[PDB]
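The next block holds one structure in the form of structure tokens; read it before the comments.
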Amino acid sequence: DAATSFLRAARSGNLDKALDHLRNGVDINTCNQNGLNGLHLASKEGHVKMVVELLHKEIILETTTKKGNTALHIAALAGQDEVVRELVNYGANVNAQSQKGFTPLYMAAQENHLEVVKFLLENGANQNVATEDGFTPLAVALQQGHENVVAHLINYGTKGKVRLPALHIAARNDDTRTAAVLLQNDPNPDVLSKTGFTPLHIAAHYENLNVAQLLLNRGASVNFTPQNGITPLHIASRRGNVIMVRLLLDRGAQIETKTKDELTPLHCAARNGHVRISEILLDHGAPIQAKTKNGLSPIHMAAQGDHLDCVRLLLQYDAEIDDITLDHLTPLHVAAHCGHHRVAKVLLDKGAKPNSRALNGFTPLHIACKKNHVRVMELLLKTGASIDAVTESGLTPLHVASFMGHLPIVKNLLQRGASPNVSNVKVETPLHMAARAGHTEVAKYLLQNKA
Amino acid sequence: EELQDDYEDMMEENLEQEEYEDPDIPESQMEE
């Protein structure tokens, strides 16, 4: 009487009565004479809340009826798109075969349920699995004249599973209940997406702390390294997820792991100006002088992003102010290249050499004059930058500015007493450079001077 | 809408693999 009433409640969608019956002690896996349990009956009638509740109460997801039909089979035949979506989210086998060889895709295709067919295909439903008679979903769709279903089946072909794995979706939503059901079914928390990321990577990207804790408590690799070398700690540090970074460090995340381009988590934190994360990583032993493939240290990335406070913190932690990349660019060179005069001010106040030479002899003043960064130029010249420094080619800052046609730079350089008659390795003056590029205004100011 | 993130391509774009790479150290040689 209790089991019969529970199954009637499941069919009718009376979730309160069914829940009361389950509380009393009715077996949740009880089924009727046809082998339909509560999940089957709820899936037939589209009772989404009932399906979700019964899954939460640990109903066996792949239980089959006397004809071999799982709940997904019944939802597909009944055309219950919401139920099909929910069952697939909780780990329903989309390629399950009934006793007569029918798959959920076949049942959806024969009944002209276009949305179900589309969703099943996007979830890796194999449209080549035939029945015992040898018929495919395409064959039955053609026989029944379901033109839209046939067209979609032909067009999709074998594009495969283009949806994320269910556990990745659960991680994105911080859905601990769905994740718990999925991990009860499939004990592998490190399931892989096509792109190679685990659900922990997704949880770290969105700072979904609850699902991350569940995944790590169920054996997820805190240090999982895809081909690109992006660990969960890298993602957390890049995204500025302070609490996620703390959690991952507590559970054994490696501080010194390198991506494919040799970025450490500190590189990712500094690049996006995450001061608190940078401090946490440094306090956990992150190497402040680690270098990328191009020889960039975290201070270089902080300067590149105009992250003034991150630069301040890195300098406070004994970062090398005059560290050089493979191109011999110092953080001051980077700040001049990007026009970040605040970073340049902090660097020069801390003792950065204003006349550092890059590979081609360019000083920070040369770079600032090239890029028309007048504020960086005034800061450099006010903090002891040589106004007549030459590159390997003999180019002065005035040469560079005249060639680029940056009138304010040329004006300021000439006002501060820059000789316009200097010459290059080829005996070419700033006036030659202005003429070559056709910068009439710069040439006019040069000629109105003693050029 | 509200379900694009469930798909592999959208998730790839959201995770931004390019942001974990050293793009380049541009020089823009003045001569030519």
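Labeling convention for the structure tokens: chains A, B, ... as they appear, residues from 1 per chain, ligands from 1 in order of appearance.
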
Please identify every residue of chain A that has at least one atom no farther than 10 Å from an atom of chain B, counting only C-alpha atoms, and for each give the shortest atom pair and the distance in Å to one decimal, arranged by chain then increasing number, as a Markdown table.
| residue | atom | partner | partner_atom | distance |
| --- | --- | --- | --- | --- |
| A:122 | CA | B:7 | CA | 8.8 |
| A:123 | CA | B:7 | CA | 9.6 |
| A:161 | CA | B:8 | CA | 8.8 |
| A:162 | CA | B:8 | CA | 5.8 |
| A:163 | CA | B:7 | CA | 4.2 |
| A:164 | CA | B:7 | CA | 5.2 |
| A:165 | CA | B:6 | CA | 8.6 |
| A:166 | CA | B:6 | CA | 8.7 |
| A:168 | CA | B:6 | CA | 8.2 |
| A:169 | CA | B:6 | CA | 5.8 |
| A:170 | CA | B:6 | CA | 9.4 |
| A:172 | CA | B:5 | CA | 8.2 |
| A:173 | CA | B:6 | CA | 9.8 |
| A:193 | CA | B:8 | CA | 7.6 |
| A:194 | CA | B:8 | CA | 7.2 |
| A:195 | CA | B:12 | CA | 7.0 |
| A:196 | CA | B:12 | CA | 9.9 |
| A:197 | CA | B:12 | CA | 9.3 |
| A:201 | CA | B:15 | CA | 9.0 |
| A:202 | CA | B:15 | CA | 8.1 |
| A:205 | CA | B:15 | CA | 7.1 |
| A:206 | CA | B:15 | CA | 9.6 |
| A:228 | CA | B:17 | CA | 8.2 |
| A:229 | CA | B:20 | CA | 9.1 |
| A:230 | CA | B:20 | CA | 7.4 |
| A:234 | CA | B:20 | CA | 8.0 |
| A:235 | CA | B:15 | CA | 8.2 |
| A:238 | CA | B:20 | CA | 8.0 |
| A:239 | CA | B:15 | CA | 9.6 |
| A:259 | CA | B:20 | CA | 7.3 |
| A:260 | CA | B:21 | CA | 7.4 |
| A:261 | CA | B:21 | CA | 5.5 |
| A:262 | CA | B:21 | CA | 8.2 |
| A:263 | CA | B:20 | CA | 7.0 |
| A:264 | CA | B:20 | CA | 9.3 |
| A:265 | CA | B:20 | CA | 9.4 |
| A:267 | CA | B:20 | CA | 8.9 |
| A:268 | CA | B:20 | CA | 6.9 |
| A:271 | CA | B:19 | CA | 9.2 |
| A:272 | CA | B:19 | CA | 9.7 |
| A:292 | CA | B:22 | CA | 7.1 |
| A:293 | CA | B:22 | CA | 7.4 |
| A:294 | CA | B:22 | CA | 7.3 |
| A:295 | CA | B:25 | CA | 9.7 |
| A:296 | CA | B:22 | CA | 8.5 |
| A:301 | CA | B:22 | CA | 9.7 |
| A:325 | CA | B:25 | CA | 8.9 |
| A:326 | CA | B:25 | CA | 9.0 |
| A:327 | CA | B:25 | CA | 7.7 |
| A:329 | CA | B:25 | CA | 9.0 |
| A:334 | CA | B:25 | CA | 9.3 |
| A:337 | CA | B:27 | CA | 9.2 |
| A:360 | CA | B:29 | CA | 9.3 |
| A:367 | CA | B:27 | CA | 9.5 |
| A:370 | CA | B:30 | CA | 8.6 |
| A:393 | CA | B:31 | CA | 9.8 |
| A:400 | CA | B:30 | CA | 8.0 |
| A:403 | CA | B:30 | CA | 8.5 |
| A:404 | CA | B:30 | CA | 8.7 |

Distance query segment 423-430 of chain A at most 9 Å, only C-alpha atoms, self and fewer than 3 positions along chain excluded, as a CSV table (one decimal) with C-alpha atoms, in the first residue's frame:
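The resulting file, out.csv, is shown below:
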chain,number,residue,atom,x,y,z
A,390,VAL,CA,72.9,57.5,-28.1
A,392,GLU,CA,74.2,51.7,-31.2
A,393,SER,CA,73.0,53.5,-34.4
A,394,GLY,CA,73.9,56.8,-32.8
A,395,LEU,CA,70.3,57.9,-32.4
A,396,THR,CA,69.5,60.4,-29.7
A,398,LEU,CA,65.7,63.9,-30.4
A,399,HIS,CA,66.4,61.7,-33.4
A,400,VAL,CA,63.8,59.2,-32.3
A,401,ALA,CA,61.2,61.9,-31.6
A,402,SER,CA,61.8,63.7,-34.9
A,403,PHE,CA,61.5,60.5,-36.9
A,420,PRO,CA,69.6,69.4,-32.9
A,433,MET,CA,64.8,62.2,-39.9
A,434,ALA,CA,62.0,64.7,-40.0
A,435,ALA,CA,62.4,65.3,-43.7
A,443,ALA,CA,61.1,70.1,-39.2
A,446,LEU,CA,63.9,72.2,-35.7
A,451,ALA,CA,69.2,73.0,-36.8

d(atom CA of residue 441 of chain A, atom CA of residue 397 of chain A) in Å
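Interatomic distance, atom CA of residue 441 of chain A to atom CA of residue 397 of chain A: 17.4 Å.
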
Which residues come within 9 Å of segment 62-67 of chain A, counting only C-alpha atoms, excluding same-chain residues fewer than 2 positions away, as a ChimeraX atom specification?
/A:29,31,33-37,40,59-60,69-72,92-93,96,98-100

Residues near residue 355 of chain A, cut-off 7 Å, only C-alpha atoms, skip fewer than 5 positions along chain, as a list in words:
residues 363, 364, 385 and 386 of chain A

Would you mind exporting the chosen residues as a PDB file, in the first residue's frame, restricted to N, CA and C atoms?
ATOM      1  N   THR A 363      67.704  53.467 -24.394  1.00  0.00           N
ATOM      2  CA  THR A 363      67.446  53.762 -22.992  1.00  0.00           C
ATOM      3  C   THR A 363      65.953  53.930 -22.773  1.00  0.00           C
ATOM      4  N   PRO A 364      65.507  53.973 -21.517  1.00  0.00           N
ATOM      5  CA  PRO A 364      64.084  54.269 -21.277  1.00  0.00           C
ATOM      6  C   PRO A 364      63.647  55.596 -21.874  1.00  0.00           C
ATOM      7  N   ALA A 385      68.044  61.192 -16.231  1.00  0.00           N
ATOM      8  CA  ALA A 385      68.168  60.505 -17.510  1.00  0.00           C
ATOM      9  C   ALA A 385      68.972  61.376 -18.469  1.00  0.00           C
ATOM     10  N   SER A 386      69.974  60.782 -19.108  1.00  0.00           N
ATOM     11  CA  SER A 386      70.814  61.524 -20.037  1.00  0.00           C
ATOM     12  C   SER A 386      70.008  61.928 -21.265  1.00  0.00           C
TER      13      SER A 386
END

So which residues touch residue 351 of chain A within 10 Å, counting only C-alpha atoms, skipping near sequence neighbours fewer than 6 positions away, as a list in words?
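So, after excluding close chain neighbours, the residues are residues 321, 322 and 383 of chain A.
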
Could you list, as a VMD selection string, every residue within 10 Å of residue 222 of chain A, counting only C-alpha atoms and ignoring same-chain residues fewer than 6 positions away?
chain A and resid 190 200 to 201 212 215 to 216 231 to 233 247 to 254

Could those residues be written to a file, using N, CA, C and O atoms, as a PDB file, in the first residue's frame?
ATOM      1  N   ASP A 190      38.479  13.794 -11.639  1.00  0.00           N
ATOM      2  CA  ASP A 190      39.377  14.386 -12.620  1.00  0.00           C
ATOM      3  C   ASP A 190      38.940  14.094 -14.052  1.00  0.00           C
ATOM      4  O   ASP A 190      39.781  14.009 -14.952  1.00  0.00           O
ATOM      5  N   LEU A 200      37.960  20.779 -11.337  1.00  0.00           N
ATOM      6  CA  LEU A 200      38.618  21.656 -10.376  1.00  0.00           C
ATOM      7  C   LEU A 200      39.108  22.935 -11.047  1.00  0.00           C
ATOM      8  O   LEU A 200      39.064  24.010 -10.445  1.00  0.00           O
ATOM      9  N   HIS A 201      39.574  22.841 -12.295  1.00  0.00           N
ATOM     10  CA  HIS A 201      39.961  24.045 -13.026  1.00  0.00           C
ATOM     11  C   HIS A 201      38.778  24.996 -13.170  1.00  0.00           C
ATOM     12  O   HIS A 201      38.906  26.207 -12.952  1.00  0.00           O
ATOM     13  N   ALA A 212      34.558  23.018  -5.173  1.00  0.00           N
ATOM     14  CA  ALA A 212      35.990  22.737  -5.123  1.00  0.00           C
ATOM     15  C   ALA A 212      36.342  21.891  -3.907  1.00  0.00           C
ATOM     16  O   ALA A 212      37.126  20.940  -4.005  1.00  0.00           O
ATOM     17  N   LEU A 215      35.172  18.375  -4.577  1.00  0.00           N
ATOM     18  CA  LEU A 215      36.025  17.687  -5.540  1.00  0.00           C
ATOM     19  C   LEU A 215      37.342  17.264  -4.907  1.00  0.00           C
ATOM     20  O   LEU A 215      37.823  16.149  -5.141  1.00  0.00           O
ATOM     21  N   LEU A 216      37.947  18.144  -4.108  1.00  0.00           N
ATOM     22  CA  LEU A 216      39.208  17.811  -3.458  1.00  0.00           C
ATOM     23  C   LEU A 216      39.030  16.747  -2.385  1.00  0.00           C
ATOM     24  O   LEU A 216      39.917  15.912  -2.192  1.00  0.00           O
ATOM     25  N   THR A 231      47.696  24.849 -14.112  1.00  0.00           N
ATOM     26  CA  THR A 231      47.150  24.175 -12.945  1.00  0.00           C
ATOM     27  C   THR A 231      46.002  24.990 -12.362  1.00  0.00           C
ATOM     28  O   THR A 231      45.792  26.146 -12.726  1.00  0.00           O
ATOM     29  N   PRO A 232      45.216  24.399 -11.458  1.00  0.00           N
ATOM     30  CA  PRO A 232      44.168  25.190 -10.788  1.00  0.00           C
ATOM     31  C   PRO A 232      44.709  26.404 -10.050  1.00  0.00           C
ATOM     32  O   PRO A 232      44.043  27.445 -10.014  1.00  0.00           O
ATOM     33  N   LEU A 233      45.903  26.300  -9.459  1.00  0.00           N
ATOM     34  CA  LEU A 233      46.487  27.451  -8.777  1.00  0.00           C
ATOM     35  C   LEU A 233      46.772  28.583  -9.755  1.00  0.00           C
ATOM     36  O   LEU A 233      46.565  29.757  -9.431  1.00  0.00           O
ATOM     37  N   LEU A 247      42.690  28.079  -0.433  1.00  0.00           N
ATOM     38  CA  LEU A 247      42.231  26.697  -0.346  1.00  0.00           C
ATOM     39  C   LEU A 247      43.184  25.758  -1.076  1.00  0.00           C
ATOM     40  O   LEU A 247      43.588  24.723  -0.537  1.00  0.00           O
ATOM     41  N   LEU A 248      43.559  26.110  -2.306  1.00  0.00           N
ATOM     42  CA  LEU A 248      44.423  25.240  -3.094  1.00  0.00           C
ATOM     43  C   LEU A 248      45.796  25.095  -2.451  1.00  0.00           C
ATOM     44  O   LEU A 248      46.375  24.002  -2.455  1.00  0.00           O
ATOM     45  N   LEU A 249      46.338  26.181  -1.899  1.00  0.00           N
ATOM     46  CA  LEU A 249      47.614  26.085  -1.200  1.00  0.00           C
ATOM     47  C   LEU A 249      47.502  25.178   0.016  1.00  0.00           C
ATOM     48  O   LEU A 249      48.403  24.378   0.287  1.00  0.00           O
ATOM     49  N   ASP A 250      46.397  25.282   0.760  1.00  0.00           N
ATOM     50  CA  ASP A 250      46.216  24.425   1.927  1.00  0.00           C
ATOM     51  C   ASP A 250      46.171  22.950   1.546  1.00  0.00           C
ATOM     52  O   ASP A 250      46.628  22.098   2.316  1.00  0.00           O
ATOM     53  N   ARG A 251      45.632  22.625   0.373  1.00  0.00           N
ATOM     54  CA  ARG A 251      45.478  21.241  -0.054  1.00  0.00           C
ATOM     55  C   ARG A 251      46.648  20.744  -0.894  1.00  0.00           C
ATOM     56  O   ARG A 251      46.519  19.712  -1.559  1.00  0.00           O
ATOM     57  N   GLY A 252      47.774  21.452  -0.888  1.00  0.00           N
ATOM     58  CA  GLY A 252      48.990  20.936  -1.476  1.00  0.00           C
ATOM     59  C   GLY A 252      49.284  21.384  -2.887  1.00  0.00           C
ATOM     60  O   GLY A 252      49.967  20.663  -3.621  1.00  0.00           O
ATOM     61  N   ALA A 253      48.793  22.548  -3.298  1.00  0.00           N
ATOM     62  CA  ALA A 253      49.118  23.058  -4.621  1.00  0.00           C
ATOM     63  C   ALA A 253      50.574  23.508  -4.666  1.00  0.00           C
ATOM     64  O   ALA A 253      51.076  24.128  -3.725  1.00  0.00           O
ATOM     65  N   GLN A 254      51.252  23.191  -5.767  1.00  0.00           N
ATOM     66  CA  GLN A 254      52.658  23.544  -5.924  1.00  0.00           C
ATOM     67  C   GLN A 254      52.789  25.013  -6.301  1.00  0.00           C
ATOM     68  O   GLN A 254      52.083  25.505  -7.185  1.00  0.00           O
TER      69      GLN A 254
END

Residues of chain B in alpha helix (DSSP H) according to DSSP, as a PyMOL selection string?
chain B and resi 8-15

Counting only C-alpha atoms, the option among A:134, A:77, A:17, A:145 closest to residue 111 of chain A:
A:77

Residues within 7 Å of residue 141 of chain A, please, as number ranges by chain. Count only C-alpha atoms; anything in the same chain fewer than 4 positions from it doesn't count.
A: 109-110, 137, 145-146, 149-150

Kindly export the residues of the current selection with C-alpha atoms, as a compact mmCIF listing (two decimals), in the first residue's frame.
# COMPACT_ATOMS: atom_id res chain seq x y z
CA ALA A 109 13.91 10.62 -33.50
CA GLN A 110 10.99 8.26 -34.12
CA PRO A 137 17.74 6.97 -35.80
CA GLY A 145 8.80 11.41 -42.51
CA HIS A 146 10.24 13.59 -39.73
CA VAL A 149 14.82 15.40 -37.41
CA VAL A 150 16.37 13.84 -40.52

Atom CA of residue 213 of chain A to atom CA of residue 180 of chain A, straight-line distance in Å:
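Atom-to-atom, atom CA of residue 180 of chain A and atom CA of residue 213 of chain A are spaced 11.4 Å apart.
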